[PDB]
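Asker: Just start-v3.txt, nothing more (compact mmCIF, C-alpha atoms):
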```txt
# COMPACT_ATOMS: atom_id res chain seq x y z
CA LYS Q 1 13.14 -18.61 29.24
CA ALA Q 2 9.63 -19.29 27.83
CA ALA Q 3 7.94 -21.92 25.65
CA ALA Q 4 6.57 -20.90 22.26
CA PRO Q 5 2.85 -20.78 21.41
CA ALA Q 6 1.07 -22.49 18.51
CA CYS Q 7 0.30 -20.76 15.19
CA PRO Q 8 -2.93 -19.08 14.08
CA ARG Q 9 -4.64 -21.31 11.51
CA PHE Q 10 -6.24 -19.40 8.65
CA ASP Q 11 -9.35 -20.85 7.02
CA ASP Q 12 -8.28 -20.04 3.45
CA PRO Q 13 -5.21 -22.13 2.52
CA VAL Q 14 -4.10 -19.45 0.05
CA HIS Q 15 -4.83 -16.51 2.33
CA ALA Q 16 -1.29 -15.27 1.60
CA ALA Q 17 -1.71 -15.27 -2.20
CA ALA Q 18 -0.66 -12.20 -4.17
CA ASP Q 19 -2.76 -13.54 -7.08
CA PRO Q 20 -6.04 -14.95 -5.74
CA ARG Q 21 -7.01 -16.35 -9.14
CA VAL Q 22 -5.01 -19.45 -8.17
CA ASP Q 23 -7.23 -22.54 -8.34
CA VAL Q 24 -6.54 -24.59 -5.21
CA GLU Q 25 -8.56 -27.48 -6.64
CA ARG Q 26 -6.06 -27.97 -9.50
CA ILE Q 27 -3.11 -28.63 -7.18
CA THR Q 28 -1.72 -32.15 -7.55
CA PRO Q 29 -0.99 -34.37 -5.73
CA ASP Q 30 -3.17 -33.74 -2.69
CA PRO Q 31 -1.33 -30.87 -0.95
CA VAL Q 32 -0.09 -31.17 2.59
CA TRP Q 33 -0.34 -27.61 3.85
CA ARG Q 34 2.23 -26.14 6.17
CA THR Q 35 0.70 -25.45 9.60
CA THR Q 36 3.75 -23.87 11.23
CA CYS Q 37 4.62 -20.16 11.11
CA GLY Q 38 8.38 -19.82 11.37
CA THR Q 39 10.37 -17.58 9.10
CA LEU Q 40 10.78 -18.86 5.56
CA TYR Q 41 13.24 -17.70 2.96
CA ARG Q 42 13.50 -17.11 -0.76
CA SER Q 43 16.56 -16.59 -2.93
CA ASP Q 44 15.65 -14.12 -5.65
CA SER Q 45 17.63 -11.95 -8.03
CA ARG Q 46 14.83 -9.40 -8.18
CA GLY Q 47 15.43 -6.32 -6.12
CA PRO Q 48 13.59 -5.22 -2.99
CA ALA Q 49 12.11 -2.11 -4.58
CA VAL Q 50 10.08 -4.47 -6.77
CA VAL Q 51 9.36 -7.23 -4.23
CA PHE Q 52 8.34 -4.83 -1.46
CA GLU Q 53 5.90 -3.13 -3.85
CA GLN Q 54 4.40 -6.25 -5.49
CA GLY Q 55 5.07 -9.16 -3.19
CA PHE Q 56 6.08 -12.38 -4.92
CA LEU Q 57 3.83 -12.98 -7.91
CA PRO Q 58 3.75 -16.40 -9.58
CA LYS Q 59 4.61 -16.80 -13.24
CA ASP Q 60 1.31 -18.31 -14.47
CA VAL Q 61 -1.72 -19.04 -12.27
CA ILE Q 62 -3.89 -19.71 -15.33
CA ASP Q 63 -2.03 -22.18 -17.56
CA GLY Q 64 0.99 -22.87 -15.37
CA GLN Q 65 2.13 -26.24 -14.07
CA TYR Q 66 -0.08 -27.14 -11.09
CA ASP Q 67 1.55 -30.54 -10.50
CA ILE Q 68 4.07 -30.06 -7.69
CA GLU Q 69 6.32 -32.99 -8.58
CA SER Q 70 6.52 -31.75 -12.17
CA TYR Q 71 7.19 -28.14 -11.10
CA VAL Q 72 9.90 -29.22 -8.65
CA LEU Q 73 11.65 -31.50 -11.13
CA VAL Q 74 11.34 -29.48 -14.36
CA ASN Q 75 11.34 -25.71 -14.15
CA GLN Q 76 8.27 -24.42 -15.97
CA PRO Q 77 5.91 -21.48 -15.40
CA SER Q 78 3.67 -22.33 -12.47
CA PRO Q 79 1.15 -20.86 -10.01
CA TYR Q 80 3.69 -21.40 -7.21
CA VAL Q 81 6.32 -19.22 -5.57
CA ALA Q 82 9.05 -21.35 -4.04
CA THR Q 83 10.34 -20.65 -0.53
CA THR Q 84 12.43 -22.72 1.89
CA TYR Q 85 12.59 -23.58 5.56
CA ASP Q 86 16.40 -23.28 5.34
CA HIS Q 87 17.84 -19.87 6.17
CA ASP Q 88 21.15 -20.92 4.54
CA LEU Q 89 19.83 -22.28 1.24
CA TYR Q 90 20.97 -19.02 -0.36
CA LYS Q 91 24.54 -20.39 -0.12
CA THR Q 92 23.71 -22.99 -2.79
CA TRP Q 93 21.97 -20.60 -5.22
CA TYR Q 94 24.38 -19.33 -7.85
CA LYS Q 95 23.85 -15.74 -8.91
CA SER Q 96 20.80 -14.90 -6.78
CA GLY Q 97 21.41 -11.50 -5.31
CA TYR Q 98 19.12 -11.57 -2.27
CA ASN Q 99 17.90 -13.73 0.63
CA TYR Q 100 14.31 -12.67 1.34
CA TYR Q 101 12.75 -13.27 4.79
CA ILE Q 102 9.07 -14.29 4.77
CA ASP Q 103 6.44 -14.56 7.55
CA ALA Q 104 3.39 -15.93 5.73
CA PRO Q 105 0.67 -18.41 6.65
CA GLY Q 106 0.23 -21.65 4.79
CA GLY Q 107 1.97 -22.80 1.65
CA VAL Q 108 2.31 -26.35 0.39
CA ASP Q 109 5.00 -28.37 2.18
CA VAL Q 110 6.73 -29.98 -0.78
CA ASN Q 111 8.45 -32.88 0.97
CA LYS Q 112 5.31 -33.73 2.97
CA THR Q 113 3.31 -33.66 -0.30
CA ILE Q 114 5.62 -35.58 -2.67
CA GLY Q 115 7.95 -37.24 -0.14
CA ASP Q 116 11.55 -36.59 0.86
CA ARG Q 117 13.25 -39.05 -1.57
CA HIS Q 118 13.24 -36.87 -4.68
CA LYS Q 119 16.23 -35.11 -6.19
CA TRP Q 120 15.53 -31.74 -4.56
CA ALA Q 121 14.34 -32.84 -1.11
CA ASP Q 122 17.38 -30.99 0.33
CA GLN Q 123 15.71 -27.70 -0.69
CA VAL Q 124 13.04 -28.25 2.03
CA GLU Q 125 10.65 -26.16 -0.08
CA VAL Q 126 7.32 -24.57 0.75
CA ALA Q 127 5.44 -23.70 -2.41
CA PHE Q 128 2.98 -20.81 -2.18
CA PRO Q 129 0.09 -21.10 -4.69
CA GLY Q 130 -0.74 -17.63 -5.94
CA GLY Q 131 2.44 -16.24 -4.47
CA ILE Q 132 2.87 -14.09 -1.39
CA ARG Q 133 1.51 -10.61 -0.72
CA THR Q 134 4.01 -7.96 0.34
CA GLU Q 135 2.49 -7.76 3.84
CA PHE Q 136 4.01 -11.22 4.50
CA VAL Q 137 7.51 -10.31 3.27
CA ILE Q 138 9.55 -9.32 6.31
CA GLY Q 139 12.60 -7.97 4.56
CA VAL Q 140 15.75 -8.94 2.69
CA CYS Q 141 19.49 -9.30 3.03
CA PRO Q 142 21.76 -8.94 -0.02
CA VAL Q 143 24.20 -11.77 -0.63
CA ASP Q 144 27.91 -11.42 -1.31
CA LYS Q 145 28.47 -13.81 -4.19
CA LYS Q 146 32.23 -14.37 -3.62
CA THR Q 147 31.84 -15.65 -0.06
CA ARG Q 148 28.18 -16.79 -0.18
CA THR Q 149 27.39 -14.74 2.92
CA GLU Q 150 24.74 -12.15 3.80
CA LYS Q 151 25.72 -8.46 3.80
CA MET Q 152 24.06 -7.94 7.13
CA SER Q 153 24.68 -4.19 7.36
CA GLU Q 154 22.73 -3.89 4.07
CA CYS Q 155 19.63 -5.81 5.12
CA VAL Q 156 16.37 -3.87 4.68
CA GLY Q 157 12.97 -4.26 6.30
CA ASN Q 158 9.86 -4.16 4.17
CA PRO Q 159 7.79 -1.12 5.21
CA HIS Q 160 4.69 -3.08 4.21
CA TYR Q 161 5.34 -6.05 6.53
CA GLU Q 162 2.39 -6.64 8.88
CA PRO Q 163 3.12 -8.95 11.83
CA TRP Q 164 0.25 -11.34 12.48
CA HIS Q 165 1.46 -13.62 15.32
```
Let me see whether you can do it: turn the structure in this file into structure tokens.
Answerer:
Amino acid sequence: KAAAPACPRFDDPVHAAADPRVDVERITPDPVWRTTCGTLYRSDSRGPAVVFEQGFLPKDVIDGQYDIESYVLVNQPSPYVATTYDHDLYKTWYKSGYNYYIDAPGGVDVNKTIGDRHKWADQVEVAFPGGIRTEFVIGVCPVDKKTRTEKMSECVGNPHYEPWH
């Protein structure tokens, strides 16, 4: 066996952003940025033809909700795209057709930023300001809704994924 190396640290905390107009200075409270580089996940009903082409774009980088606690607690258009550390969080998401696999630098670690006592701490979220370019989306597995399992023979890799570590 072999021990794992550390992660490349990018200088720009929103290097991964699909929409660079995001204003890092407006993020509240003070963000604690993720410095690890393991696979993250996103439940999304949008199909891979769209996500692989566009990446994950945020709803509103201009007038969206930049306060993380507010965005977590009350769903409102925001500059953030939510992801999770938890491969299995898709099992709790009703109706979301796909479990996307993400290999992206950075993101705001929600529980490190607003604590792990809030209602949704169990989501172990990483919030990406400005979203996530397609080159950081590994791929996707569709989810069977009846059993809350991945349809592993129907997973698809993103042709635009660019490994970086």
Asker: Here is a test: counting only C-alpha atoms, which residue of Q:29, Q:131, Q:55, Q:163 is nearest to residue 69 (chain Q)?
Answerer: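 Going through Q:29, Q:131, Q:55, Q:163 one by one, the smallest distance to residue 69 (chain Q) is for Q:29.
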Asker: With all atoms listed in the file as the atoms that count, which of Q:64, Q:140, Q:86, Q:106 lies nearest to residue 125 (chain Q)?
Answerer: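 Among the listed residues, Q:86 lies closest to residue 125 (chain Q).
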Asker: Determine the nearest neighbour of residue 75 (chain Q) from the options Q:118, Q:130, Q:59, Q:34, counting all atoms listed in the file.
Answerer: Q:59
Asker: Set the distance at 10 Å and use only C-alpha atoms: which residues neighbour residue 43 (chain Q) once local chain neighbours fewer than 3 positions away are removed? I'd like the list as number ranges by chain.
Answerer: Q: 46, 82-84, 87-101, 140-143
Asker: List as a PyMOL selection string the residues having at least one atom at most 12 Å from position (10.9, -32.2, -2.5) as given in the file, counting all atoms listed in the file.
Answerer: chain Q and resi 68-73+82-85+108-127
Asker: Record the distance separating CA of residue 58 (chain Q) and CA of residue 7 (chain Q), expressed in Å with one decimal.
Answerer: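 Separation of CA of residue 58 (chain Q) and CA of residue 7 (chain Q): 25.4 Å.
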Asker: So, with only C-alpha atoms as the atoms that count, which of Q:47, Q:42, Q:32, Q:61 lies closest to residue 18 (chain Q)?
Answerer: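 Answer, going by the shortest atom-to-atom distance: Q:61.
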Asker: Choose the residue, out of Q:165, Q:79, Q:39, Q:154, that has the smallest atom-to-atom separation from residue 5 (chain Q); count all atoms listed in the file.
Answerer: Q:165
Asker: In Å, how far is it from CA of residue 10 (chain Q) to CA of residue 49 (chain Q)?
Answerer: 28.5 Å
Asker: Of the residues Q:80, Q:41, Q:56, Q:66, which is the one nearest to residue 135 (chain Q), using only C-alpha atoms?
Answerer: Q:56
Asker: Could you pull the residues within 10 Å of residue 13 (chain Q), counting all atoms listed in the file, minus those fewer than 3 positions along the same chain, as an MDAnalysis selection string?
Answerer: chainID Q and resid 9:10 16:17 24 33:35 105:108 128:129
Asker: Provide the CA of residue 54 (chain Q) to CA of residue 162 (chain Q) distance in Å, to one decimal place.
Answerer: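 Separation between CA of residue 54 (chain Q) and CA of residue 162 (chain Q): 14.5 Å.
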